[PDB]
>>> print(open('coords26.cif').read())   # mmCIF, C-alpha atoms
data_start
loop_
_atom_site.label_atom_id
_atom_site.label_comp_id
_atom_site.auth_asym_id
_atom_site.auth_seq_id
_atom_site.Cartn_x
_atom_site.Cartn_y
_atom_site.Cartn_z
CA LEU A 1 11.02 -8.88 -11.04
CA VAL A 2 7.63 -7.20 -11.43
CA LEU A 3 7.85 -7.15 -15.23
CA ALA A 4 9.01 -10.78 -15.44
CA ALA A 5 6.13 -11.86 -13.20
CA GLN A 6 3.68 -9.88 -15.35
CA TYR A 7 4.94 -11.13 -18.72
CA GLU A 8 5.37 -14.83 -17.79
CA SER A 9 8.93 -14.82 -19.14
CA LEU A 10 12.49 -14.17 -18.01
CA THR A 11 13.79 -12.36 -21.11
CA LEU A 12 11.00 -10.01 -22.24
CA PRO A 13 11.57 -7.31 -19.54
CA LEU A 14 15.11 -6.84 -20.89
CA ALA A 15 13.74 -5.04 -23.96
CA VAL A 16 11.80 -2.60 -21.78
CA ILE A 17 14.67 -2.03 -19.34
CA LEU A 18 17.21 -1.46 -22.13
CA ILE A 19 15.50 1.77 -23.26
CA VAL A 20 15.67 4.17 -20.27
CA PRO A 21 19.26 5.51 -20.80
CA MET A 22 18.31 7.36 -24.00
CA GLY A 23 16.03 9.81 -22.20
CA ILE A 24 18.86 10.53 -19.76
CA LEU A 25 21.11 11.08 -22.78
CA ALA A 26 18.66 13.57 -24.29
CA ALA A 27 18.16 15.47 -21.03
CA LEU A 28 21.90 15.62 -20.33
CA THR A 29 22.63 16.87 -23.86
CA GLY A 30 19.96 19.54 -23.44
CA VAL A 31 21.37 20.69 -20.11
CA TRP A 32 24.96 20.61 -21.40
CA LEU A 33 24.20 22.62 -24.55
CA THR A 34 23.21 25.65 -22.47
CA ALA A 35 24.97 27.00 -19.39
CA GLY A 36 23.62 24.60 -16.79
CA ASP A 37 24.46 22.32 -13.90
CA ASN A 38 23.27 18.92 -12.66
CA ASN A 39 21.55 20.22 -9.52
CA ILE A 40 18.85 18.48 -7.48
CA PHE A 41 15.98 19.93 -9.51
CA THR A 42 17.59 18.57 -12.67
CA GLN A 43 17.90 15.11 -11.12
CA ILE A 44 14.21 15.39 -10.20
CA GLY A 45 13.17 15.68 -13.84
CA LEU A 46 14.67 12.38 -15.00
CA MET A 47 12.28 10.26 -12.92
CA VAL A 48 9.33 11.34 -15.06
CA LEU A 49 11.35 10.60 -18.21
CA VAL A 50 12.17 7.06 -17.05
CA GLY A 51 8.57 6.44 -16.02
CA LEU A 52 7.18 7.68 -19.34
CA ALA A 53 9.70 5.58 -21.28
CA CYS A 54 8.63 2.48 -19.35
CA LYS A 55 4.96 3.35 -19.92
CA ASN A 56 5.62 3.70 -23.65
CA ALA A 57 7.55 0.45 -24.00
CA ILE A 58 5.36 -1.79 -21.82
CA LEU A 59 2.10 -1.41 -23.74
CA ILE A 60 3.74 -1.74 -27.17
CA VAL A 61 5.41 -4.96 -26.02
CA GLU A 62 2.10 -6.18 -24.57
CA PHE A 63 0.27 -5.56 -27.86
CA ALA A 64 3.07 -7.24 -29.81
CA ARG A 65 2.87 -10.31 -27.57
CA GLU A 66 -0.92 -10.39 -27.87
CA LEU A 67 -0.71 -10.37 -31.67
CA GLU A 68 2.11 -12.95 -31.57
CA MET A 69 -0.05 -15.33 -29.54
CA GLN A 70 -2.78 -15.12 -32.20
CA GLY A 71 -0.80 -16.84 -34.98
CA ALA A 72 1.21 -14.19 -36.84
CA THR A 73 4.99 -14.18 -37.11
CA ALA A 74 7.22 -11.87 -35.08
CA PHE A 75 7.78 -9.61 -38.10
CA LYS A 76 4.08 -8.93 -38.70
CA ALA A 77 3.23 -8.74 -35.00
CA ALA A 78 5.96 -6.18 -34.33
CA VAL A 79 5.03 -4.13 -37.41
CA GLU A 80 1.34 -4.05 -36.48
CA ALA A 81 2.08 -3.25 -32.83
CA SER A 82 4.27 -0.32 -33.89
CA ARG A 83 1.61 0.88 -36.33
CA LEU A 84 -1.35 0.64 -33.95
CA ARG A 85 0.18 2.78 -31.17
CA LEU A 86 1.31 5.87 -33.12
CA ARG A 87 -1.67 8.07 -32.21
CA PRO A 88 -1.61 7.89 -28.37
CA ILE A 89 2.15 8.47 -28.15
CA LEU A 90 1.85 11.37 -30.58
CA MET A 91 -0.99 12.83 -28.49
CA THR A 92 0.81 12.59 -25.15
CA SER A 93 4.16 13.77 -26.55
CA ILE A 94 2.58 16.85 -28.13
CA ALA A 95 0.55 17.63 -25.00
CA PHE A 96 3.50 17.31 -22.62
CA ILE A 97 5.88 19.18 -24.94
CA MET A 98 3.53 22.14 -25.34
CA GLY A 99 2.57 21.96 -21.66
CA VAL A 100 6.06 22.70 -20.30
CA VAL A 101 7.02 25.76 -22.39
CA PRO A 102 5.97 28.29 -19.68
CA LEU A 103 8.32 26.55 -17.24
CA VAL A 104 11.32 27.37 -19.46
CA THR A 105 10.21 30.98 -19.97
CA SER A 106 9.59 31.97 -16.36
CA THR A 107 10.50 35.21 -14.59
CA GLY A 108 9.96 36.52 -11.09
CA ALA A 109 10.12 34.52 -7.87
CA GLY A 110 11.82 31.16 -8.24
CA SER A 111 12.48 31.51 -11.97
CA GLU A 112 15.61 29.32 -11.97
CA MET A 113 13.95 26.57 -9.92
CA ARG A 114 11.33 26.07 -12.62
CA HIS A 115 13.78 26.84 -15.44
CA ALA A 116 16.18 23.98 -14.70
CA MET A 117 13.51 21.27 -14.59
CA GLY A 118 11.73 22.83 -17.56
CA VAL A 119 14.81 22.76 -19.79
CA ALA A 120 15.66 19.23 -18.63
CA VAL A 121 12.20 17.78 -19.32
CA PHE A 122 11.75 19.73 -22.57
CA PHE A 123 15.07 18.54 -23.99
CA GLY A 124 14.57 14.97 -22.79
CA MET A 125 11.03 14.47 -24.09
CA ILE A 126 11.98 14.61 -27.78
CA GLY A 127 14.66 11.97 -27.34
CA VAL A 128 12.35 9.83 -25.23
CA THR A 129 9.61 9.76 -27.86
CA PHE A 130 12.02 9.39 -30.80
CA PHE A 131 13.83 6.38 -29.35
CA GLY A 132 10.62 4.85 -27.98
CA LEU A 133 9.11 4.97 -31.46
CA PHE A 134 12.19 3.78 -33.35
CA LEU A 135 13.89 1.28 -31.09
CA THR A 136 11.60 -1.11 -29.21
CA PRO A 137 10.29 -3.29 -32.10
CA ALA A 138 13.85 -4.23 -33.07
CA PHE A 139 14.68 -5.06 -29.45
CA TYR A 140 11.54 -7.20 -29.17
CA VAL A 141 12.24 -9.11 -32.38
CA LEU A 142 15.90 -9.63 -31.45
CA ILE A 143 14.91 -11.01 -28.04
CA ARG A 144 12.27 -13.25 -29.62
CA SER A 145 14.71 -14.61 -32.23
CA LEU A 146 17.35 -15.22 -29.55
CA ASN A 147 15.17 -17.83 -27.84
CA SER A 148 13.38 -19.43 -30.83
CA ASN B 1 -8.39 -22.90 -6.22
CA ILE B 2 -5.51 -20.88 -4.79
CA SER B 3 -2.88 -23.49 -5.67
CA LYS B 4 -4.10 -23.93 -9.25
CA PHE B 5 -3.27 -20.29 -9.99
CA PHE B 6 0.35 -20.75 -8.89
CA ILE B 7 0.79 -24.23 -10.41
CA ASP B 8 0.58 -22.92 -13.99
CA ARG B 9 2.70 -19.81 -13.24
CA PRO B 10 5.87 -20.93 -11.45
CA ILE B 11 7.53 -17.59 -12.25
CA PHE B 12 5.01 -15.75 -10.05
CA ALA B 13 5.91 -17.97 -7.09
CA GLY B 14 9.60 -17.49 -7.83
CA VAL B 15 9.20 -13.71 -7.87
CA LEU B 16 7.24 -13.76 -4.61
CA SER B 17 9.84 -15.96 -2.90
CA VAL B 18 12.71 -13.80 -4.17
CA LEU B 19 10.93 -10.68 -2.90
CA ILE B 20 10.46 -12.26 0.54
CA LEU B 21 14.12 -13.34 0.61
CA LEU B 22 15.31 -9.86 -0.40
CA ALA B 23 13.13 -8.22 2.25
CA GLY B 24 14.50 -10.54 4.93
CA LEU B 25 18.11 -10.02 3.84
CA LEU B 26 17.67 -6.24 3.82
CA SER B 27 15.94 -6.20 7.21
CA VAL B 28 18.26 -8.57 9.09
CA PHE B 29 21.11 -6.03 9.19
CA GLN B 30 19.08 -3.32 10.99
CA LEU B 31 18.10 -5.24 14.12
CA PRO B 32 19.44 -4.77 17.68
CA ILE B 33 21.32 -7.57 19.44
CA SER B 34 21.81 -8.34 23.13
CA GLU B 35 22.55 -11.41 25.27
CA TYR B 36 19.25 -11.15 27.18
CA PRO B 37 16.13 -8.99 26.75
CA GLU B 38 15.30 -6.04 28.99
CA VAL B 39 14.34 -7.59 32.33
CA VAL B 40 16.10 -5.27 34.78
CA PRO B 41 13.67 -2.54 35.94
CA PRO B 42 14.87 1.01 35.27
CA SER B 43 16.38 2.95 38.15
CA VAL B 44 17.71 6.42 38.94
CA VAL B 45 20.77 7.14 41.11
CA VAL B 46 21.37 10.38 43.03
CA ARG B 47 24.83 11.01 44.50
CA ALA B 48 25.88 13.53 47.13
CA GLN B 49 29.08 14.19 49.07
CA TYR B 50 29.68 15.61 52.55
CA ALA C 1 19.61 -30.24 9.61
CA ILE C 2 19.39 -29.29 5.93
CA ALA C 3 21.93 -31.96 5.02
CA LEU C 4 20.10 -34.49 7.20
CA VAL C 5 16.70 -33.86 5.63
CA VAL C 6 18.19 -34.04 2.12
CA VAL C 7 19.87 -37.35 2.96
CA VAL C 8 16.76 -38.92 4.49
CA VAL C 9 14.60 -37.75 1.58
CA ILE C 10 17.03 -39.33 -0.90
CA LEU C 11 17.15 -42.58 1.06
CA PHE C 12 13.40 -42.94 1.56
CA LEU C 13 12.10 -41.74 -1.82
CA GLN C 14 14.89 -43.03 -4.12
CA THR C 15 14.60 -40.04 -6.46
CA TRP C 16 17.05 -37.15 -6.76
CA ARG C 17 14.42 -34.62 -7.85
CA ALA C 18 12.36 -34.63 -4.65
CA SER C 19 15.36 -33.47 -2.60
CA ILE C 20 15.23 -30.10 -4.38
CA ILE C 21 11.91 -28.95 -2.90
CA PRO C 22 12.93 -28.78 0.81
CA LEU C 23 16.33 -27.29 -0.07
CA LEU C 24 14.62 -24.20 -1.51
CA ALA C 25 11.95 -24.10 1.24
CA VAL C 26 14.00 -24.29 4.45
CA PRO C 27 16.06 -21.07 3.99
CA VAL C 28 13.39 -18.72 2.61
CA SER C 29 10.84 -19.48 5.34
CA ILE C 30 13.57 -18.61 7.84
CA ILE C 31 14.86 -15.42 6.21
CA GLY C 32 11.39 -13.97 5.63
CA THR C 33 10.83 -14.24 9.38
CA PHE C 34 13.57 -11.70 10.14
CA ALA C 35 11.87 -8.80 8.36
CA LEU C 36 8.61 -9.30 10.24
CA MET C 37 10.48 -8.93 13.53
CA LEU C 38 11.48 -5.42 12.50
CA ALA C 39 7.76 -4.79 11.93
CA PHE C 40 7.06 -5.77 15.55
CA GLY C 41 10.04 -4.01 17.17
CA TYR C 42 11.91 -7.06 18.46
CA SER C 43 15.60 -7.83 18.93
CA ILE C 44 17.48 -11.10 18.44
CA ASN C 45 18.68 -12.96 21.54
CA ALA C 46 19.02 -16.53 22.79
CA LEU C 47 15.25 -17.08 22.88
CA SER C 48 14.67 -16.02 19.26
CA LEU C 49 17.47 -18.21 17.88
CA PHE C 50 16.22 -21.14 19.97
CA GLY C 51 12.76 -20.56 18.49
CA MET C 52 14.21 -20.64 14.98
CA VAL C 53 16.09 -23.86 15.74
CA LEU C 54 12.88 -25.43 17.02
CA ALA C 55 10.63 -24.22 14.17
CA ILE C 56 13.03 -25.64 11.57
CA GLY C 57 11.47 -29.00 12.44
CA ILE C 58 7.94 -27.79 11.71
CA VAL C 59 9.08 -26.35 8.37
CA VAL C 60 10.73 -29.67 7.46
CA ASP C 61 7.61 -31.56 8.55
CA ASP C 62 5.34 -29.47 6.32
CA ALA C 63 7.65 -29.81 3.30
CA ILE C 64 7.97 -33.56 3.93
CA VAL C 65 4.19 -33.95 4.06
CA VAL C 66 3.63 -32.09 0.78
CA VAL C 67 6.42 -33.88 -1.10
CA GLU C 68 5.41 -37.31 0.21
CA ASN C 69 1.77 -36.80 -0.78
CA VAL C 70 2.78 -35.70 -4.28
CA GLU C 71 5.13 -38.69 -4.65
CA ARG C 72 2.42 -41.10 -3.50
CA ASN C 73 0.06 -39.55 -6.06
CA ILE C 74 2.71 -40.09 -8.73
CA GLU C 75 3.22 -43.71 -7.66
CA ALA C 76 -0.54 -44.19 -8.08
CA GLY C 77 -0.09 -43.92 -11.85
CA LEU C 78 -1.00 -40.38 -12.93
CA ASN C 79 1.03 -37.77 -14.78
CA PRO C 80 2.76 -35.02 -12.74
CA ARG C 81 0.15 -32.33 -13.45
CA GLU C 82 -2.91 -34.38 -12.49
CA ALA C 83 -1.03 -35.92 -9.56
CA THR C 84 -0.24 -32.42 -8.27
CA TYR C 85 -3.85 -31.32 -8.78
CA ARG C 86 -5.22 -34.28 -6.84
CA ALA C 87 -2.62 -33.96 -4.07
CA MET C 88 -3.28 -30.25 -3.52
CA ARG C 89 -7.03 -30.97 -3.67
CA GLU C 90 -6.86 -32.45 -0.15
CA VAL C 91 -4.06 -30.54 1.62
CA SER C 92 -4.88 -26.80 1.58
CA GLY C 93 -7.73 -27.08 4.08
CA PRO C 94 -5.76 -29.02 6.69
CA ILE C 95 -2.78 -26.71 6.08
CA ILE C 96 -4.85 -23.65 6.97
CA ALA C 97 -6.38 -25.51 9.92
CA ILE C 98 -3.00 -26.51 11.37
CA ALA C 99 -1.64 -22.99 10.84
CA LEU C 100 -4.64 -21.51 12.66
CA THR C 101 -4.44 -23.95 15.57
CA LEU C 102 -0.69 -23.41 15.99
CA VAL C 103 -1.38 -19.67 16.06
CA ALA C 104 -4.11 -20.22 18.67
CA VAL C 105 -1.68 -22.31 20.72
CA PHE C 106 1.26 -19.92 20.58
CA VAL C 107 -0.23 -16.40 20.66
CA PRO C 108 -1.95 -16.35 24.11
CA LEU C 109 1.05 -17.67 26.06
CA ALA C 110 2.89 -14.44 25.21
CA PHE C 111 0.57 -12.58 27.63
CA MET C 112 1.91 -13.90 30.95
CA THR C 113 2.78 -11.34 33.61
CA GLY C 114 6.19 -11.08 35.25
CA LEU C 115 9.56 -12.48 34.26
CA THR C 116 8.16 -15.72 32.83
CA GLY C 117 6.00 -13.88 30.30
CA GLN C 118 8.89 -11.56 29.47
CA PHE C 119 10.95 -14.62 28.51
CA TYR C 120 8.00 -16.34 26.78
CA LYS C 121 6.88 -13.48 24.53
CA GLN C 122 9.87 -13.39 22.17
CA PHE C 123 9.96 -17.17 21.65
CA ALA C 124 6.20 -17.41 21.09
CA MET C 125 6.05 -14.49 18.65
CA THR C 126 9.08 -15.71 16.69
CA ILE C 127 7.73 -19.25 16.34
CA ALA C 128 4.26 -18.00 15.36
CA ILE C 129 5.66 -15.72 12.65
CA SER C 130 7.90 -18.54 11.42
CA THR C 131 5.08 -21.08 11.15
CA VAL C 132 2.75 -18.59 9.44
CA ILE C 133 5.42 -17.77 6.86
CA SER C 134 6.21 -21.47 6.41
CA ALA C 135 2.55 -22.27 5.75
CA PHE C 136 2.36 -19.44 3.21
CA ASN C 137 5.52 -20.65 1.47
CA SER C 138 4.24 -24.24 1.41
CA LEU C 139 0.95 -23.10 -0.13
CA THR C 140 2.76 -21.46 -3.08
CA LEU C 141 6.32 -22.57 -3.86
CA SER C 142 6.17 -26.31 -3.16
CA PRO C 143 3.41 -27.50 -5.56
CA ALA C 144 4.85 -25.51 -8.48
CA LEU C 145 8.35 -26.92 -7.96
CA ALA C 146 6.94 -30.43 -7.56
CA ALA C 147 5.02 -30.11 -10.83
CA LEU C 148 8.03 -28.59 -12.62
CA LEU C 149 11.00 -30.76 -11.58
CA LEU C 150 9.46 -34.15 -10.81
CA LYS C 151 9.00 -36.54 -13.74
CA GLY C 152 6.99 -39.65 -14.47
CA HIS C 153 7.69 -43.27 -13.60
CA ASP C 154 8.20 -44.37 -17.22
CA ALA C 155 10.69 -41.66 -18.24
CA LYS C 156 14.17 -42.52 -19.46
CA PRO C 157 16.77 -42.23 -16.66
CA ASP C 158 19.30 -39.41 -16.83
CA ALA C 159 23.01 -39.52 -15.98
CA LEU C 160 22.54 -38.76 -12.27
CA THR C 161 19.84 -41.42 -12.00
CA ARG C 162 22.14 -43.91 -13.73
CA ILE C 163 24.96 -43.14 -11.29
CA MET C 164 22.68 -43.39 -8.26
CA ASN C 165 21.36 -46.72 -9.57
CA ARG C 166 24.83 -48.15 -10.24
CA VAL C 167 26.12 -47.05 -6.81
CA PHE C 168 23.03 -47.91 -4.72
CA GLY C 169 21.37 -50.85 -6.47
CA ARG C 170 20.69 -53.44 -3.76
CA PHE C 171 20.36 -51.18 -0.70
CA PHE C 172 17.17 -49.68 -2.14
CA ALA C 173 15.62 -53.10 -2.81
CA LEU C 174 16.52 -54.42 0.65
CA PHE C 175 15.10 -51.27 2.25
CA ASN C 176 11.89 -51.58 0.23
CA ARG C 177 11.41 -55.22 1.25
CA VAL C 178 12.06 -54.46 4.93
CA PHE C 179 9.71 -51.47 4.83
CA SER C 180 6.92 -53.50 3.22
CA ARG C 181 7.27 -56.30 5.79
CA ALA C 182 7.25 -53.76 8.63
CA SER C 183 4.20 -52.02 7.17
CA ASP C 184 2.30 -55.32 7.01
CA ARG C 185 3.23 -56.15 10.60
CA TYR C 186 2.21 -52.67 11.79
CA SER C 187 -1.14 -52.90 9.99
CA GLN C 188 -1.80 -56.26 11.64
CA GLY C 189 -0.81 -54.80 15.01
CA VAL C 190 -3.10 -51.78 14.71
CA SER C 191 -5.95 -54.05 13.60
CA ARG C 192 -5.40 -56.16 16.73
CA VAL C 193 -5.22 -53.07 18.96
CA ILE C 194 -8.46 -51.56 17.62
CA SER C 195 -10.49 -54.66 18.56
CA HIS C 196 -10.08 -54.19 22.34
CA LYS C 197 -10.59 -50.63 23.57
CA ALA C 198 -11.86 -50.68 27.18
#
>>> encode(input="coords26.cif", output="structure tokens")
Amino acid sequence: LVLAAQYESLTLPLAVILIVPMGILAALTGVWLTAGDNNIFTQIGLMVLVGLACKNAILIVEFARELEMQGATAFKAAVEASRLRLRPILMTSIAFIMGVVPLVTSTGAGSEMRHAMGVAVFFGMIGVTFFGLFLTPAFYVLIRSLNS
Amino acid sequence: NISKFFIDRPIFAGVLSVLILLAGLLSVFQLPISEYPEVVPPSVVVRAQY
Amino acid sequence: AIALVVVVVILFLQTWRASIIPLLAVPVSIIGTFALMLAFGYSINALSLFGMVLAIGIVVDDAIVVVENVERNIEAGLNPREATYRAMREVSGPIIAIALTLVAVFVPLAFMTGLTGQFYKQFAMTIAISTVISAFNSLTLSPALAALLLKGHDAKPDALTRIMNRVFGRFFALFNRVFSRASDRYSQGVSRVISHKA
């Protein structure tokens, strides 16, 4: 509802909402690869993944719509929107990836409590950024071509 | 004008109305029911036997 | 009551579009009331339901006023967008004024002492919340729906309009003639009444 009200359309938020499961996939694969369990602290770490995926998708879609309104076709608008946003996503992905390594390698009091969330976030972040970079322009163009 | 904002964006009004409807539907099921409101003053009863 | 208002709107306005606006305004303005009661710590009883039944009339009145003004503006000869602009240009102020005066009427009579005030408080608070929510809904939903669904006087009729014309073709004309004659007589009567005032 909030996204549809913001975007003045009833189909655009579908592209943003159809991206969040991939971060959950990445986190669950990361936690399954090692000896782990889906405890409460693991469930805690998926909220940030979903929020960051939404943050990534929303602004790219906004820029694509802004360029579309100017008089360029969906192909060029999507290509330019994908091109113009590479640097901030690269910055935040690198910062958050390198900022959670001490959580994984923790010893002492409460080591496991930090370890579970650290492994979950660390193994979900790569999937989140990969799919956010390589999936949303196609979703946007497909949705745009559906209406015509 | 307040109405001119909503005239050109019917979807905003639709979202607001749907939010109000959802809030009402969620809240209606958590409300006490009685035939009459509390009008009888409270009282305390002490019982003894001899 | 919903069926009755839809029927009377169809009969008086002779357009199937205008019946949509009240149908989507009556329920919401009721349901949104319920939540606010949980904000004030109230419970439903006979008085609250009676208040709802009575405020349904005020909600219908407000919707009727807005729709009728927009339809009159359309019958003047303007397109839907400009007709809606002009109609809402002279209704928001009185809407806020009537909401405020209904609040000023209803709020203080919830402060009686004794049993009478205990019975009055729930009814007054429920009706005040209902009318406030109805005014808010009328300020937002109604003009947008009127501008979106309603069409011009020179547009090609659709299938539903064709059916309603072929079923009710002479009743509408007879009603229009009777209404015009009655309006002329009432105008003459009010002109006569105004002359003598002592």
>>> residues_around(input="coords26.cif", residues="range 4-21 of chain B", least_positions_apart="6", cutoff="12 Å", atoms="all atoms listed in the file", output="MDAnalysis selection string")
(chainID A and resid 1:10) or (chainID B and resid 27:28) or (chainID C and resid 24:36 80:89 92 133:134 136:149)
>>> closest_atom_pairs(input="coords26.cif", of="range 76-120 of chain C", to="range 151-154 of chain C", cutoff="9 Å", atoms="only C-alpha atoms", output="JSON lines")
{"residue": "C:77", "atom": "CA", "partner": "C:153", "partner_atom": "CA", "distance": 8.0}
{"residue": "C:78", "atom": "CA", "partner": "C:152", "partner_atom": "CA", "distance": 8.2}
{"residue": "C:79", "atom": "CA", "partner": "C:152", "partner_atom": "CA", "distance": 6.3}
{"residue": "C:80", "atom": "CA", "partner": "C:151", "partner_atom": "CA", "distance": 6.5}
>>> residues_around(input="coords26.cif", residues="residue 133 in chain A", least_positions_apart="2", cutoff="9 Å", atoms="all atoms listed in the file", output="short mmCIF file (atom, residue, chain, number, x, y, z; two decimals) with C-alpha atoms, in the coordinates of the input")
data_model
loop_
_atom_site.label_atom_id
_atom_site.label_comp_id
_atom_site.auth_asym_id
_atom_site.auth_seq_id
_atom_site.Cartn_x
_atom_site.Cartn_y
_atom_site.Cartn_z
CA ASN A 56 5.62 3.70 -23.65
CA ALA A 57 7.55 0.45 -24.00
CA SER A 82 4.27 -0.32 -33.89
CA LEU A 86 1.31 5.87 -33.12
CA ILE A 89 2.15 8.47 -28.15
CA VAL A 128 12.35 9.83 -25.23
CA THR A 129 9.61 9.76 -27.86
CA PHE A 130 12.02 9.39 -30.80
CA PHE A 131 13.83 6.38 -29.35
CA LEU A 135 13.89 1.28 -31.09
CA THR A 136 11.60 -1.11 -29.21
CA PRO A 137 10.29 -3.29 -32.10
#
>>> atom_distance(input="coords26.cif", atom1="CA of residue 118 in chain C", atom2="CA of residue 135 in chain C")
26.8 Å
>>> residues_near_point(input="coords26.cif", point="(16.7, 21.0, -22.9)", cutoff="10 Å", atoms="all atoms listed in the file", output="MDAnalysis selection string")
chainID A and resid 26:34 36 104 115:126
>>> atom_distance(input="coords26.cif", atom1="CA of residue 64 in chain C", atom2="CA of residue 5 in chain C")
8.9 Å
>>> residues_around(input="coords26.cif", residues="residue 64 in chain A", least_positions_apart="6", cutoff="12 Å", atoms="all atoms listed in the file", output="count of residues only")
27
>>> decode(input="coords26.cif", residues="range 24-39 of chain B", atoms="N, CA, C and O atoms", output="PDB file, in the first residue's frame")
ATOM      1  N   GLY B  24      -9.971  -0.437  11.305  1.00  0.00           N
ATOM      2  CA  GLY B  24     -11.255  -0.701  11.936  1.00  0.00           C
ATOM      3  C   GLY B  24     -11.569  -2.183  12.025  1.00  0.00           C
ATOM      4  O   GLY B  24     -12.049  -2.667  13.056  1.00  0.00           O
ATOM      5  N   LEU B  25     -11.304  -2.924  10.946  1.00  0.00           N
ATOM      6  CA  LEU B  25     -11.579  -4.357  10.942  1.00  0.00           C
ATOM      7  C   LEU B  25     -10.701  -5.093  11.946  1.00  0.00           C
ATOM      8  O   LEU B  25     -11.151  -6.046  12.593  1.00  0.00           O
ATOM      9  N   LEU B  26      -9.441  -4.679  12.079  1.00  0.00           N
ATOM     10  CA  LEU B  26      -8.562  -5.311  13.056  1.00  0.00           C
ATOM     11  C   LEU B  26      -8.984  -4.974  14.481  1.00  0.00           C
ATOM     12  O   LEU B  26      -8.884  -5.817  15.379  1.00  0.00           O
ATOM     13  N   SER B  27      -9.457  -3.746  14.708  1.00  0.00           N
ATOM     14  CA  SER B  27      -9.760  -3.310  16.066  1.00  0.00           C
ATOM     15  C   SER B  27     -11.128  -3.778  16.552  1.00  0.00           C
ATOM     16  O   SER B  27     -11.339  -3.876  17.766  1.00  0.00           O
ATOM     17  N   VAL B  28     -12.066  -4.057  15.641  1.00  0.00           N
ATOM     18  CA  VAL B  28     -13.424  -4.382  16.073  1.00  0.00           C
ATOM     19  C   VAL B  28     -13.467  -5.682  16.872  1.00  0.00           C
ATOM     20  O   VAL B  28     -14.336  -5.858  17.736  1.00  0.00           O
ATOM     21  N   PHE B  29     -12.536  -6.604  16.626  1.00  0.00           N
ATOM     22  CA  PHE B  29     -12.593  -7.921  17.251  1.00  0.00           C
ATOM     23  C   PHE B  29     -11.960  -7.966  18.636  1.00  0.00           C
ATOM     24  O   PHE B  29     -11.969  -9.031  19.264  1.00  0.00           O
ATOM     25  N   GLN B  30     -11.419  -6.857  19.130  1.00  0.00           N
ATOM     26  CA  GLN B  30     -10.799  -6.799  20.448  1.00  0.00           C
ATOM     27  C   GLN B  30     -11.497  -5.772  21.330  1.00  0.00           C
ATOM     28  O   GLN B  30     -10.855  -4.928  21.961  1.00  0.00           O
ATOM     29  N   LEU B  31     -12.828  -5.827  21.385  1.00  0.00           N
ATOM     30  CA  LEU B  31     -13.612  -4.825  22.089  1.00  0.00           C
ATOM     31  C   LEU B  31     -14.638  -5.517  22.979  1.00  0.00           C
ATOM     32  O   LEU B  31     -15.352  -6.422  22.515  1.00  0.00           O
ATOM     33  N   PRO B  32     -14.738  -5.138  24.254  1.00  0.00           N
ATOM     34  CA  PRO B  32     -15.692  -5.805  25.150  1.00  0.00           C
ATOM     35  C   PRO B  32     -17.135  -5.507  24.775  1.00  0.00           C
ATOM     36  O   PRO B  32     -17.449  -4.477  24.174  1.00  0.00           O
ATOM     37  N   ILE B  33     -18.020  -6.437  25.142  1.00  0.00           N
ATOM     38  CA  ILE B  33     -19.444  -6.324  24.867  1.00  0.00           C
ATOM     39  C   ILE B  33     -20.219  -6.607  26.147  1.00  0.00           C
ATOM     40  O   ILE B  33     -19.847  -7.463  26.953  1.00  0.00           O
ATOM     41  N   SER B  34     -21.311  -5.874  26.323  1.00  0.00           N
ATOM     42  CA  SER B  34     -22.228  -6.061  27.445  1.00  0.00           C
ATOM     43  C   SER B  34     -23.572  -5.464  27.040  1.00  0.00           C
ATOM     44  O   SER B  34     -23.650  -4.642  26.119  1.00  0.00           O
ATOM     45  N   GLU B  35     -24.636  -5.880  27.728  1.00  0.00           N
ATOM     46  CA  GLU B  35     -25.977  -5.380  27.448  1.00  0.00           C
ATOM     47  C   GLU B  35     -26.129  -3.917  27.848  1.00  0.00           C
ATOM     48  O   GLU B  35     -26.722  -3.126  27.109  1.00  0.00           O
ATOM     49  N   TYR B  36     -25.605  -3.549  29.009  1.00  0.00           N
ATOM     50  CA  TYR B  36     -25.631  -2.192  29.525  1.00  0.00           C
ATOM     51  C   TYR B  36     -24.265  -1.824  30.088  1.00  0.00           C
ATOM     52  O   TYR B  36     -23.506  -2.698  30.524  1.00  0.00           O
ATOM     53  N   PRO B  37     -23.915  -0.539  30.092  1.00  0.00           N
ATOM     54  CA  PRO B  37     -22.637  -0.127  30.683  1.00  0.00           C
ATOM     55  C   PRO B  37     -22.669  -0.233  32.199  1.00  0.00           C
ATOM     56  O   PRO B  37     -23.702  -0.490  32.821  1.00  0.00           O
ATOM     57  N   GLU B  38     -21.498  -0.035  32.800  1.00  0.00           N
ATOM     58  CA  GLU B  38     -21.338  -0.148  34.249  1.00  0.00           C
ATOM     59  C   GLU B  38     -22.074   1.003  34.923  1.00  0.00           C
ATOM     60  O   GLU B  38     -21.646   2.157  34.857  1.00  0.00           O
ATOM     61  N   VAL B  39     -23.188   0.690  35.580  1.00  0.00           N
ATOM     62  CA  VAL B  39     -23.989   1.697  36.264  1.00  0.00           C
ATOM     63  C   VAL B  39     -24.171   1.302  37.724  1.00  0.00           C
ATOM     64  O   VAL B  39     -24.402   2.158  38.587  1.00  0.00           O
TER      65      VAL B  39
END
